[PDB]
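A.B. asks: Would you mind keeping the following structure in view while I ask a few things?
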Amino acid sequence: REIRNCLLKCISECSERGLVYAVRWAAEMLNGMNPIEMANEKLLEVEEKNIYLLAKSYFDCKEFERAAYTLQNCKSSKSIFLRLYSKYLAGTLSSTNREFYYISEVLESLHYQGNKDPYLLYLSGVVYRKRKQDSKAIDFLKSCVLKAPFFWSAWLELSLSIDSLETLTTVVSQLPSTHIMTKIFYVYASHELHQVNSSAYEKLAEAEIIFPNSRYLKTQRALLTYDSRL
Amino acid sequence: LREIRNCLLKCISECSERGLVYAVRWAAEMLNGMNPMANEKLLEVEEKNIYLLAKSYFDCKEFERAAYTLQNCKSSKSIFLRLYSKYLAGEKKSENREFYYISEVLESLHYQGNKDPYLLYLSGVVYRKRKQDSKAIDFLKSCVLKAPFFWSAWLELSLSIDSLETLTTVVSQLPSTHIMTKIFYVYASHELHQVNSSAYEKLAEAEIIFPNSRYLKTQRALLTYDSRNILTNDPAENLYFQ
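Same order as they appear, the protein sequences are chains A and B. All letters in the first sequence, in the order written, are residues 21 to 57, 77 to 130, 147 to 285 by the entry's author numbering. All letters in the second sequence, in the order written, are residues 20 to 55, 77 to 135, 152 to 284, 295 to 308 by the entry's author numbering.
Below you can see the structure in the form of structure tokens.
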């Protein structure tokens, strides 16, 4: 009955491959095989490993409602995030979606409880933008990226929440100036605002030395040369 | 900076776990956009980055791109993913060759010392689709002996079996008493509708291992029907096709 290591090894190898139906089955078996014999965050992730693995399996089979139901009493922010995302995926993120208010509320309660997991901060940041609360969206998205600096989707929503060169200059002065992503952001943002100057080209060159054969950076260079030319 | 690397890896791992596929794809592209008995795991380490990328494309349903990414990769995981990406891309285009190229690639690999189970699985699947049942059983049988908890291979095996004879035969070649051999026999018998005494015996034996397993619970309902709410549900869902 400690054989269930074989279920884990299967779940791992099949998810890697991505044999989703094989995983789903293995997860279902894994859960419901008897009682099994921030620091606090990872500890809850260990407690919910099996329950998460299951929900994610349902999620990868597009069985979203079931994925959310699976993690209904789960306290880890990974589980909470997945639950909330799965919920949204029934019927990117919009006000007309049936689950949207519910998400909002769940995220509000979590903020008053002093949660600041980046992916939930991200979610918060997204929802506030959609509700035309730009200055609050920036607040949450800024926090997110400080904690999760290589999480591109948060930088994009951040750029979308910024509507002036002032508001931009402000935010940029609150991010790690030396950090590679702060630079990659400033090039993206400056372009999307069309307030492209010397420093943007300077920073893009600095990024290209790190990522010489990146399609994204190549597309940015094209976009900068085109803005300057008008 | 080789820390930028590690932060991209931590992102890829956390975002994949969270279902954020587009975030992963980006991170992977960046990651591969910087300068640089069994030995299988050693090749997996070599191709970690190239794999991570292809899998990102694969999770965005960008199958052809995923396959092209791993074209020169030698690990059976990469090979499998490559060939599987092709199959799936092939199967969407249905609405046939392509299975041919896969077939051939799998043949050459089998003469070469290779019999990785997930490739055997792939072989097994492709032969069934080409109406070669007796050959599909051969490969799927090998697979499950090596990879006994890999459900998708047992299901394709059951699908490749069309008589109680062909079933009884195959079952006599699997570790009788191995757990999954029992779970299989219950599924297969039901899916062929020749259910007997022993099926109920074996299901009870499985249920003491997995007392709250949704799948086993569905099987029990399906057997108790066979002996003569869940029936209300979709047969495709209950047989785990879907």
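Cβ atoms here follow ideal geometry from the backbone N, Cα and C, with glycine treated the same way.
So which of B:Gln250, B:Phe266, B:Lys171 and B:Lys202 has the shortest CA-CA distance to B:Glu221?
C.D. replies: For the purposes of this step, residue 221 of chain B is taken as residue 165 along the second sequence, with counting starting at 1. Here the closest residue by C-alpha is B:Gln250.
A.B. asks: With DSSP as the reference, label residue 364 of chain A as helix, strand or coil.
C.D. replies: As displayed, chain A neither begins before 21 nor continues past 285, which places residue 364 of chain A out of reach and without an answer.
A.B. asks: Give a yes or no on whether 9 Å exceeds the smallest Cβ distance from A:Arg270 to chain B.
C.D. replies: Residue 270 of chain A sits at position 215 when you count from the first residue of the first sequence. By this cut-off, A:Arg270 is an interface position.
A.B. asks: Beta-carbon of B:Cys34 versus every beta-carbon of chain A: anything under 9 Å?
C.D. replies: Taking the second sequence and counting its residues from 1, one reaches residue 34 of chain B at position 15. Chain A contact via Cβ: present.
A.B. asks: From this set, A:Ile23, A:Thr280 and A:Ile158, which residue's C-alpha is nearest A:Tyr127's C-alpha?
C.D. replies: The sequence position of residue 127 of chain A within the first sequence is 88, counting from 1. Nearest C-alpha to A:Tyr127: A:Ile158.
A.B. asks: What ranges does the alpha helix (DSSP H) occupy inside the region 238–274 of chain A, keeping only unbroken runs of at least 4 residues that lie completely in it?
C.D. replies: 253–265
A.B. asks: So what's B:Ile31 in DSSP terms, helix, strand or just coil?
C.D. replies: Within the second sequence, residue 31 of chain B is the residue found at index 12, counting from 1. Looking at B:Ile31 - three-state DSSP - the assignment turns out to be helix.
A.B. asks: How would you write the range of the alpha helix (DSSP H) that A:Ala47 sits in, first residue to last?
C.D. replies: Walking along the first sequence from the start, residue 47 of chain A turns up at place 27. A:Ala47 -> alpha helix (DSSP H) spans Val40 to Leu50.
A.B. asks: Compare the C-beta of B:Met49 against all C-beta atoms of chain A and say whether one is closer than 9 Å.
C.D. replies: Within the second sequence, the letter at position 30 stands for residue 49 of chain B. Yes, B:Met49 counts as interfacial toward chain A.
A.B. asks: Who are the Cβ neighbours of B:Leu278 in its own chain at under 7 Å, not counting the five residues just before and after it?
C.D. replies: Stepping through the second sequence from its first residue, residue 278 of chain B is reached at position 222. If we look at B:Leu278 and ignore the five residues flanking it on each side, its Cβ neighbours are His246 and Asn304.
A.B. asks: Using DSSP with H/G/I as helix, E/B as strand and the rest coil, what is A:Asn170?
C.D. replies: Position 115 of the first sequence, counted from the first residue, corresponds to residue 170 of chain A. In the displayed model, A:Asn170 falls within coil according to three-state DSSP, outside both helix and strand.
A.B. asks: Grab me the residues of A:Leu176's own chain with a C-beta within less than 6 Å of its C-beta, minus the 5 sequence neighbours each way, in chain order.
C.D. replies: Stepping through the first sequence from its first residue, residue 176 of chain A is reached at position 121. If we look at A:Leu176 and ignore the five residues flanking it on each side, its Cβ neighbours are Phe195, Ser198 and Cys199.
A.B. asks: Can you check which of these residues, B:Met53, B:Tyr174 and B:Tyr41, is closest to B:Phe206 by C-alpha distance?
C.D. replies: Along the second sequence, one-based indexing puts residue 206 of chain B at 150. It is B:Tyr174 whose Cα lies nearest to the Cα of B:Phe206.
A.B. asks: Short of 6 Å in beta carbon distance, which residues of its chain neighbour A:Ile239, apart from the five on each side in sequence? Order them along the chain.
C.D. replies: Within the first sequence, the letter at position 184 stands for residue 239 of chain A. Hits under 6 Å: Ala262.
A.B. asks: At the 9 Å Cβ level, is B:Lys95 part of the contact set with chain A, yes or no?
C.D. replies: Counted from its first residue, the second sequence places residue 95 of chain B at position 55. Yes, contact with chain A.
A.B. asks: Short of 6 Å in beta carbon distance, which residues of its chain neighbour B:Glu104, apart from the five on each side in sequence? Order them along the chain.
C.D. replies: Position 64 of the second sequence, counting from 1, holds the residue named residue 104 of chain B. Closer than 6 Å at the Cβ level, and outside the excluded window around B:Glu104, lie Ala129.
A.B. asks: Which same chain residues, not among the five before or five after A:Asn170, have their C-beta less than 8 Å away from its C-beta?
C.D. replies: One-based indexing of the first sequence puts residue 170 of chain A at position 115. The residues are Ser116.
A.B. asks: Which of the three DSSP states, helix, strand or coil, is assigned to A:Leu110?
C.D. replies: Sequence index remark: in the first sequence, residue 110 of chain A carries index 71 (1-based). Three-state DSSP puts A:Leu110 in coil, outside helix and strand.
A.B. asks: Tell me, please, whether the CB atom of B:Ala42 is closer than 9 Å to any CB atom in chain A?
C.D. replies: By 1-based counting over the second sequence, the position of residue 42 of chain B is 23. Yes, because at least one Cβ of chain A sits closer than 9 Å to the Cβ of B:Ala42.
A.B. asks: Below 8 Å on C-beta distance, what does B:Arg37 contact in chain A?
C.D. replies: On the second sequence, position 18 is the one that residue 37 of chain B refers to. Neighbours of B:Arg37 on chain A, chain order: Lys117, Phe120, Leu121, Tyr124 and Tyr174.
A.B. asks: DSSP three-state label for B:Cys26, please.
C.D. replies: On the second sequence, position 7 is the one that residue 26 of chain B refers to. Helix at B:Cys26.
A.B. asks: Please list the residues of the region 158–189 of chain B that have a C-beta atom closer than 8 Å to any C-beta atom in chain A, keeping them in chain order.
C.D. replies: Close to chain A, meaning a Cβ-Cβ distance shorter than 8 Å, are the following residues of the region 158–189 of chain B: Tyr174.
A.B. asks: Please state the DSSP three-state secondary structure of B:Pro55.
C.D. replies: In the second sequence, counting from the first residue as 1, residue 55 of chain B sits at position 36. It is coil, neither helix nor strand.
A.B. asks: Are there three or more Cβ pairs, one per stretch, closer than 8 Å when the region 227–235 of chain B is compared with the region 79–96 of chain A?
C.D. replies: no
A.B. asks: Around the C-beta of B:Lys114, are 16 or more other C-beta atoms found within 10 angstroms, so that it is buried, or is it exposed?
C.D. replies: Here residue 114 of chain B corresponds to residue number 74 of the second sequence, with the count starting at 1. So B:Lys114 counts as exposed.
A.B. asks: Given a threshold of 16 other Cβ atoms within 10 Å of its Cβ, counted over all protein chains shown, does A:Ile264 qualify as buried or as exposed?
C.D. replies: Taking the first residue of the first sequence as 1, we reach residue 264 of chain A at position 209. Counting of Cβ neighbours within 10 angstroms places A:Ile264 among the exposed residues, the total staying below 16.
A.B. asks: Return no unless some Cβ of chain B is closer than 9 Å to the Cβ of A:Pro267.
C.D. replies: Here residue 267 of chain A is taken as the residue at index 212 of the first sequence, counted from 1. Interface residue, yes.
A.B. asks: Mind checking whether residue 134 of chain A and A:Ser214 have CB atoms under 9 Å apart?
C.D. replies: Missing from the coordinates is residue 134 of chain A; the shown part of chain A jumps over it, going from 130 to 147.
A.B. asks: I want to verify the contact list: residues of chain B whose CB lies under 7 Å from the CB of A:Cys199, in sequence order.
C.D. replies: Translated into the one-based positions of the first sequence, residue 199 of chain A becomes position 144. Per Cβ cutoff of 7 Å: no residues; A:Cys199 is ~12 Å from chain B at best.
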